Each structure stands twice: as C-alpha cells, then as structure tokens.
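Remarks on the structure that follows.
Using ideal geometry, Cβ is built from the backbone for each residue, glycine included, and neighbour counts are taken over all protein chains shown. Bear in mind these aren't lab numbers, they're just calculated from the coordinates by the rules spelled out.
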Amino acid sequence: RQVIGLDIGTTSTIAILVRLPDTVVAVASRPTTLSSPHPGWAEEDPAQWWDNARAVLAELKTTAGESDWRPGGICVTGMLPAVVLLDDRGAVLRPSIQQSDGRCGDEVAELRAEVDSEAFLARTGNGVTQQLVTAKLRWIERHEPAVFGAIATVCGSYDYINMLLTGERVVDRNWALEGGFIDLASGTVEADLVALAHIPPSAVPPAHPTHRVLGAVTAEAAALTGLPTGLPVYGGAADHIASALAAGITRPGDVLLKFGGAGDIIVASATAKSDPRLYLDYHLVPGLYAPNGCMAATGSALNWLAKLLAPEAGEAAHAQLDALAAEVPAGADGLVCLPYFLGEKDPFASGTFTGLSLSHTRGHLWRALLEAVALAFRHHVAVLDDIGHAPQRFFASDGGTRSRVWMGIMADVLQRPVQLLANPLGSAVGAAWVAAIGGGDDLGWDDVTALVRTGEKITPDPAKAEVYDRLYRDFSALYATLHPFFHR
C-alpha cells in the first residue's frame with residue numbers, strides 16, 4: 001500500500017513514494033530560489049513551487065515505473081508561515097514573502113503598541129513578531145496598497161499547492177495559528193484576529209486539520225502532475241512538525257532535539273499552554289499540541305568557531321576539534337560560554353567566553369561551545385517542564401548527531417537517555433505518514449519510525465550530573481549578570 005509526501009522546502013522541493021510499511025520506492029527533488037530584492041528580504045515565486053511539484057511528482061512515477069506505481073494518498077508539507085496573496089481570479093499578486101523575511105519591523109512595533117502582547121500570545125500561543133502573517137499584511141497595506149486592495153485570498157506555501165491540486169480553498173490550522181489568526185480556545189479563525197491585519201475575514205480561508213482528507217486531485221492537476229485522477233489529498237502539514245513526527249515524536253512527553261545550523265526543540269504534549277518563551281503549533285497527531293522552540297546559533301556557531309580554531313583543517317575541522325575536546329574534562333576547566341551569536345530566542349545578547357586563562361587550549365574552547373549549546377537545550381527543556389509539557393523521552397537528529405562527543409555531552413547535561421536518529425529525506429516523510437494513517441488502520445503514528453534511521457541510544461553518566469548542574473548554574477548566572485551590560 002502506497003503513499004506520497006511532497007515537501008515545498010525553502011531551497012528545495014522534494015517528493016517521495018513510500019510503499020508501506022517501511023520502504024521508500026523513490027525520491028525526487030528540485031532546487032527552489034530564495035530571492036532577496038533588498039537587504040533582509042526573503043521571497044519566492046509560487047509558480048516555481050508548482051513547477052517544482054509537477055516535475056518531482058511526475059519523476060516519482062517515472063522512477064518507480066508504472067508496474068510499481070499505485071499511490072493511494074498524498075500529503076503536502078512545506079515552510080511556514082509563508083505569505084502568498086491571490087486576487088479574485090486566483091492569480092498570484094506578488095512574490096511570496098518567506099518566514100525568514102525581515103522587512104516588517106515597524107509594523108511589529110505598531111502591533112505591539114496596539115495590542116497586549118501577552119494577552120495575544122496567550123491567545124494564539126504565538127508572539128507578536130515579524131513571523132505573523134498579520135505583520136507582513138500590515139507592511140503590504142502600507143507599502144503596496146494596490147496589492148493590498150486586490151487581496152481575495154491569503155495563504156501559505158503548501159496551502160497554495162493544495163489549492164492547485166484539489167480546487168479546494170483552505171489553510172492548515174497551523175499556518176493560521178503561527179500566522180496570528182487562530183484562538184487556541186476555539187481552534188478557529190477569529191474575526192477579531194483577522195481584523196488586526198486590516199483584511200476582510202473572507203480573505204482567510206477556513207482552517208483545516210492536517211490529518212483529515214482535504215479533497216481529491218482534479219483532472220487538470222492529474223494532467224499536470226501525473227497523479228491519478230481523484231487521488232485523496234490530505235490536509236497540508238507544517239514542515240517542522242512533520243519532521244518531528246518522522247523522528248518519532250508521537251506521544252505526550254516526546255522531545256526532539258535538532259542539531260541543525262539553527263537548533264530546534266519540538267515536543268509532543270497534551271497540554272496547550274502558550275508561553276513567552278516557546279511557540280505553539282498543533283501536532284499532526286490528532287489531539288496533541290507541539291510546543292517548539294528554536295535557537296539561532298547551533299551548528300552555525302560551531303562552523304564559525306571551527307573556522308577560527310581549525311583555519312586550514314578543511315572538513316576534518318570538526319572531527320579534529322571533537323577529538324581535542326574529548327581529552328578535556330567536562331566543564332572545560334572553568335570556561336563558561338554564552339552561545340548567543342545572533343542573539344537568542346529574548347534579547348540581543350551576544351556570544352560570550354569567560355573564565356579564560358593561558359592554560360586553555362583549542363579543545364577547551366571547542367568543548368565550552370559544545371557544552372554551552374547543550375546547556376541552552378537544557379534551558380528549553382526546563383522551560384517545557386515549567387509550563388507543564390512534562391518532557392521525558394528524548395531524540396536527537398540532524399548534523400550534530402554525527403559527533404559522538406557532542407551527543408555524550410548532551411546526554412550528560414540533560415541526564416536523560418538521548419535516542420540519536422537520522423532523518424535525511426526530512427519532512428516529506430512526516431507527510432507521507434499522514435496519508436499512510438489515513439488510508440488504513442494497520443498502522444499507528446508510532447510506526448513512522450520504520451522509515452527513519454534510528455541509531456545509537458546514548459546513556460548519560462550520572463557522575464557528570466554534578467559538574468553539568470554547576471555549569472548550568474554558572475551559564476544561567478553568567479547571562480543574568482551580563483544582562484544590564486547587554487542592554488546598556
């Protein structure tokens with residue numbers, strides 16, 4: 001029994017064909033262009049998503065061949081919240097504004113001055129930020145009133161592709177929630193909330209939950225994509241959440257730790273409870289929420305430091321530095337690092353190394369950074385705990401998992417077992433799974449992990465709890481001490 005996931009990614013459009021329960025029959029990809037017409041702008045062409053999607057779906061069929069082509073449902077995921085504008089005829093008004101876009105600081109300031117940023121965050125479980133569809137909408141109204149006045153539909157990237165597939169008009173709950181349109185209490189688009197963006201409430205399509213069938217592939221879209229006519233299409237899926245699912249975050253208390261360029265932490269919870277510190281999403285798993293967080297400098301901060309410390313080491317840099325840090329005690333001999341090189345995610349704090357002496361070596365520096373990143377991950381976990389999400393079962397994925405030293409450090413700091421895994425194909429897998437569970441009940445959400453490369457489960461050394469606890473206390477006190485100085 002066969003199923004497809006499609007991922008409308010930021011620099012890449014990826015589709016996979018899975019034969020259940022545990023086989024990836026085919027993978028297709030295509031590059032996507034991130035434009036920036038002015039500094040801090042991040043835009044994409046929704047017509048390239050669609051062209052990418054047609055190519056990659058058709059290639060799936062061409063790769064697997066007709067004799068192994070029997071797809072039974074498709075789910076589309078991608079980045080969010082992207083802002084796509086359609087006029088009354090369904091045509092794209094201007095290029096899509098991506099979530100990394102930075103053009104709307106002024107409107108964020110107004111929004112923040114015009115509503116209670118806490119009441120708001122308690123309401124939508126997301127903060128008043130440039131990532132709100134609402135902030136980008138206010139910017140457009142003031143900078144491109146003609147675009148603004150022509151808006152019949154505002155939606156996200158994968159919502160747009162789904163419309164092209166089914167002719168339905170909806171958005172993912174999660175696009176609307178991250179976007180600022182949904183009240184957690186009601187789980188629906190609120191007039192109230194749309195009004196803030198000064199668009200008519202008709203301009204935002206009804207929200208739709210990922211796990212439910214959204215519609216079927218139309219005749220036009222069968223033609224353009226190769227997909228069978230009438231193929232069931234599921235709700236669109238938020239990319240980072242589908243990634244959490246694929247990593248096996250399916251039960252309340254499950255936590256994913258993503259050692260990417262920027263770090264993420266994603267947790268499944270029965271508790272919906274916004275917090276100034278952590279953003280909220282619905283899980284794909286019905287009934288669950290997915291509080292999540294991001295840290296700006298993670299693998300990026302290591303790449304920076306590896307270049308400084310192993311200038312002409314090439315790729316071996318990390319391997320070489322990992323080895324040095326290995327020979328260095330936990331806590332790095334009194335080194336304490338704050339890892340906020342782009343800021344953190346509150347203020348504009350900055351990277352700090354302290355406790356340095358002429359005895360420290362490149363290994364201590366590398367280690368201190370390794371430990372600091374771990375420590376920031378710990379802090380999130382403590383926050384999750386505080387809010388009542390009860391973090392307990394831990395997974396790590398992405399690039400940093402290739403470092404046995406880093407992961408040993410992570411576990412010793414967290415003082416819980418950490419299950420390492422590889423999930424290279426990414427979010428597309430979380431998406432195939434949604435359609436997998438919709439086309440029968442021979443499978444649980446649970447079962448996704450047959451599709452990923454689960455690896456070593458690392459146990460902490462309990463004798464390290466006492467040093468990392470004190471380091472944690474130091475890290476915390478370093479930041480509290482340097483706060484006033486950072487906001488001088």
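Can you show me the helix-derived [θ] at 222 nm for the chain, built from DSSP H runs with n ≥ 4 at -39,500 (n - 2.57) apiece and divided by the number of residues, rounded to the nearest 500.
-11500 deg cm²/dmol
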*Out of residues 5 or more away from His360 or on other chains, whose amide H comes under 5 Å of its own, with H placed 1.01 Å from N in the peptide plane?*
none
*asked:* Among the listed pairs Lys136/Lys273; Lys136/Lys307; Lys61/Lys457, which have their C-alpha atoms separated by more than 28 angstrom in this model?
replied: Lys136/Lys307; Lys61/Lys457
*Rounded to the nearest 0.05, what FRET efficiency do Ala47 and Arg404 give with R0 = 56 Å and r taken as the Cβ-Cβ distance? Could you check?*
0.80
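Mind ordering 413-421, 110-118, 233-241, 393-401 by average Cβ neighbours within 10 Å, highest first? List each step's numbers first, then the result.
Working: 413-421: 19.9, 110-118: 14.0, 233-241: 28.0, 393-401: 23.3.
Listed from highest to lowest mean packing, they are 233-241, 393-401, 413-421, 110-118.
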_Give me the one-decimal nm value for the distance between modelled label points at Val213 and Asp385, 7 Å along each residue's Cα-to-Cβ direction._
4.5
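Per 0.36 nm of contour for each residue apart, how much would the distance between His487 and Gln392 grow if the chain were fully extended, relative to their Cα-Cα spacing?
Stretched out fully, the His487 to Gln392 stretch lengthens by 30.7 nm.
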*Scan around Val189 for amide H atoms under 5 Å from its own, H built in the peptide plane at 1.01 Å from N, and keep only partners 5 or more places away or cross-chain.*
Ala207
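Excluding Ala296 itself, what net charge comes from residues whose Cβ is under 12 Å from its Cβ, given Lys and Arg +1 and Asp and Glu -1?
Numbers: positive: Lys345; negative: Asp264, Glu344, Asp346.
Charge balance near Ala296 sits at -2.
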*Among 82-93, 3-14, the order from most to least packed when residues are scored by Cβ within 10 Å on average*: 3-14, 82-93
*Under 11 Å from the Cβ of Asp281, count the other residues' Cβ atoms, weight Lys and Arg +1, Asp and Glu -1, and hand me the total.*
-2
*Take the Cβ-Cβ distance between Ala422 and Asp446 as r, set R0 to 22 Å, and report the resulting FRET efficiency rounded to the nearest 0.05.*
0.70
*Enumerate the amide H contacts of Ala396 below 5 Å, restricted to partners 5 or more residues apart or on another chain; note that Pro and chain-start residues carry no placed amide H.*
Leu257, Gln419, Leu420, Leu421
*Which order do peptides 383-391, 133-141 fall in by mean Cβ count within 10 Å, highest first?*
133-141, 383-391
*For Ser186 and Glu114 in one chain, what is 0.36 nm times their gap in residues minus the Cα-Cα distance, to one decimal in nm?*
23.6 nm
_Along the Cα→Cβ direction, 7 angstrom out, place labels at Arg473 and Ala326. What is the inter-label distance in nm?_
3.2
*With a/c under 1.5 counting as rounded, go ahead and sort the stretch 348-488 into rounded, prolate or oblate using the C-alpha gyration tensor (a ≥ b ≥ c being the square roots of the eigenvalues; past the cut-off, prolate if a/b is larger than b/c, else oblate).*
prolate
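Once you order the gyration tensor axes a ≥ b ≥ c over the Cα atoms, which shape class does the stretch 153-297 get: rounded for a/c under 1.5, otherwise prolate or oblate by comparing a/b with b/c? Write down the numbers at each step before the final one.
On the way: a/c = 1.98, a/b = 1.30, b/c = 1.52.
Verdict is oblate for the stretch 153-297.
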*Can you list the HN-Hα couplings for the stretch 431-438, worked out from phi with the Karplus curve (6.51, -1.76, 1.60; θ = phi - 60°), rounded to whole Hz and with x for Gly and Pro?*
6, 3, 4, 5, 7, 5, 6, x
_So if I place +1 on the C-beta of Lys and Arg and -1 on the C-beta of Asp and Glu, and nothing else carries charge, what would the dipole magnitude of the chain be about its Cα centre? I want it in debye, nearest 20._
560
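Name the shape class, rounded, prolate or oblate, that the alpha-carbon gyration tensor gives for the stretch 117-229, where a ≥ b ≥ c are the square roots of its eigenvalues, rounded holds for a/c under 1.5, and otherwise prolate holds if a/b is larger than b/c and oblate otherwise. Each step should come with its number before you reach the end.
Details: a/c = 2.63, a/b = 1.55, b/c = 1.70.
Because a/c hits 1.5 or more and a/b fails to exceed b/c, the stretch 117-229 counts as oblate.
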